[PDB]
Amino acid sequence: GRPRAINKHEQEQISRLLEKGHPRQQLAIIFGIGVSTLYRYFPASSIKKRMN
DNA sequence: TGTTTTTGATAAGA
DNA sequence: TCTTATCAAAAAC
């Protein structure tokens, strides 16, 4: 399978930075992942749906 | 088992 | 401007 994009100790690093007020669009080009990845790992609630 | 796991754009409701 | 799951496929082998 492919490699997990945030290299696990970075899941700590991020949880922290975004729960202490950090925008994902920001957090995704410094650690280069896609914003969709970050909402999959650390989400929140409700505004939703589907398709590619 | 030429599979898999996982990303990431993207529709989508909101 | 957001969040959400979907989905085609990259990347690993």
Side-chain angles (χ1 to χ4, degrees):
Chain A
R2 199 197 197 288
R4 199 84 218 257
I6 29 203
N7 333 114
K8 207 281 115 218
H9 94 87
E10 289 150 2
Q11 300 178 358
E12 314 186 76
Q13 203 177 334
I14 293 149
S15 301
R16 208 213 89 214
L17 303 173
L18 65 80
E19 279 186 83
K20 184 220 69 179
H22 277 97
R24 267 94 148 157
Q25 293 58 18
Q26 153 186 158
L27 301 184
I29 353 111
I30 292 184
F31 309 102
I33 56 179
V35 184
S36 325
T37 298
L38 289 166
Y39 289 90
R40 215 187 305 118
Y41 277 84
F42 313 114
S45 195
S46 302
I47 323 187
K48 65 155 48 276
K49 221 57 95 51
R50 58 183 162 244
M51 273 76 112
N52 182 239

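Proteins get letters first, then strands, A, B, ... in listed order; numbering begins at 1 in each.
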Would you say A/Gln26's side chain and A/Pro23's backbone share a donor-acceptor pair under 3.5 angstrom?
no

What's the [atom1]-[atom2] distance between [X] and [N], to the nearest Å?
{"X": "A/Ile33", "N": "B/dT5", "atom1": "CD1", "atom2": "P", "value": "21 Å"}
{"X": "A/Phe31", "N": "B/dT7", "atom1": "CZ", "atom2": "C1'", "value": "17 Å"}
{"X": "A/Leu38", "N": "B/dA9", "atom1": "CG", "atom2": "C1'", "value": "14 Å"}
{"X": "A/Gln25", "N": "B/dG8", "atom1": "CD", "atom2": "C1'", "value": "14 Å"}
{"X": "A/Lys48", "N": "B/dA14", "atom1": "NZ", "atom2": "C1'", "value": "11 Å"}
{"X": "A/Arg2", "N": "C/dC7", "atom1": "CZ", "atom2": "P", "value": "19 Å"}
{"X": "A/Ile47", "N": "C/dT6", "atom1": "CD1", "atom2": "P", "value": "18 Å"}
{"X": "A/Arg24", "N": "B/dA9", "atom1": "CZ", "atom2": "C1'", "value": "17 Å"}

Based on the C1'-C2'-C3'-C4' torsion angle, does the furanose ring of [N] adopt a north or a south pucker?
{"N": "B/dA12", "result": "north"}
{"N": "B/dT7", "result": "south"}
{"N": "C/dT6", "result": "south"}

Under 4.0 Å between a side-chain N or O of [X] and OP1 or OP2 of [N]?
{"X": "A/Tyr41", "N": "B/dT7", "result": "yes"}
{"X": "A/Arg4", "N": "B/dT7", "result": "yes"}
{"X": "A/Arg40", "N": "B/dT7", "result": "yes"}
{"X": "A/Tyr39", "N": "C/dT4", "result": "no"}

Assign each of A/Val35 and A/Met51 to its nearest nucleotide of DNA chain C by heavy atoms, then name whichever residue's nucleotide is nearer the 5' end.
A/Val35

With side-chain contact (heavy atoms from CB on, under 4.5 Å) as the test, would you mind laying out the steps for A/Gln13 and A/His9 before giving the verdict?
CA-CA 7 Å; A/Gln13 203 177 334; A/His9 94 87; 3.4 Å; yes

So what does [X] hit on the nucleic acid, given a heavy-atom distance under 4.0 Å: a base, only sugar-phosphate, or nothing?
{"X": "A/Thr37", "value": "base"}
{"X": "A/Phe42", "value": "nothing"}
{"X": "A/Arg50", "value": "base"}
{"X": "A/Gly1", "value": "base"}

Checking only heavy atoms, does the side chain of A/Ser36 share a donor-acceptor pair with the base of B/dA9 at less than 3.5 Å?
yes

Once hydrogens and angles are ignored, does a donor-acceptor distance under 3.5 Å link the base of B/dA9 to the side chain of A/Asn52?
yes

Closest non-hydrogen atom pair between A/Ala28 and A/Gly34, with its separation:
CB-C, 4.2 Å

With ILVMFWY side chains joined below 4.5 Å, transitively, what does A/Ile33's cluster contain besides itself?
A/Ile6, A/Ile14, A/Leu17, A/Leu18, A/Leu27, A/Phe31, A/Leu38, A/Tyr41, A/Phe42

For the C1' atoms, the ones on B/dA14 and on B/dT10, what distance do you get once it is rounded to whole angstrom?
16 Å

Counting side-chain heavy atoms from C-beta on, which of C/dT4, B/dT5, C/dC2 comes nearest to A/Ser45?
C/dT4

